[PDB]
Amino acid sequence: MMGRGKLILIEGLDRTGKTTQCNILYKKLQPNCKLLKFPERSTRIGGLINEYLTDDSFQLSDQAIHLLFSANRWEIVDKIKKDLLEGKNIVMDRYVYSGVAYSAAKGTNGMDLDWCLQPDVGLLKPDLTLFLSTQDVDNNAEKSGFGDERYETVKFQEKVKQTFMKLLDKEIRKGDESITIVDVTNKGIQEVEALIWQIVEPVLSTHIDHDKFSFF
């Protein structure tokens, strides 16, 4: 009996169409759906992350920016949970996985997968996590804007690639099957969209106890 909305998470490297697919899925699931994107640049903490990403001159240590990315989710997670309990579904672009992967890829002393994950521990786990994977480097043909932000380098993006796999393989081989890797190499928007609904549709029908959640 009963039930709550589902939290659908789409993750992946930069320039892999995630915002695109999320808007599609969100439009598809409306009106009983919410859309959320991290970093959520509209809050003060979000603005700081924004400045950091858009201006590679804004100075901030790896650990400080890392914790800001995580506080950005904590400042929003209560609304997320309120929506889910109201039965609404939530499509989310980027979350804890991006948090850990991007920072740990830096290889900064003391900032290993484990350290990077701790600040997010206790946050709601998404009901389904789609990882849009690709073998297409930075991908000029997928730039989501001008000049290109701080992390958009082929070398670094290549680093986050490994870290993303290592982290996911871990939690997968660890017993988590709510994570699906989707190869989107050379796939157009409609195609990738079809591939995603094939995974998401079934989850939306599956029943979840309104009072039951998983956490990081």
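Don't overthink the numbering: it's just position in the shown sequence, from 1.
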- Item | Residue stretch of maximal mean CA temperature factor, 135-143 vs 75-83 | 135-143
- Could you check which stretch, 10-18 or 201-209, carries the larger mean CA temperature factor in the entry? 201-209
- Note on the structure: Looking only at 62, 40, 171, 191, the Cα with the top B-factor belongs to 171
- Which one of 154, 48, 67, 160 shows the top CA temperature factor in the record? 154
- Task: Consider only the C-alpha atoms of the modelled residues in this chain, order them by B-factor as the entry records it, and name the third containing residue 53: lowest, middle or highest.
- Result: lowest
- Message: Per the entry's values, where does residue 150 land by CA temperature factor relative to the rest of its chain, in the lowest, middle or highest third?
- Response: highest
- On the chain's distribution of Cα B-factors, residue 166 falls within the third called highest
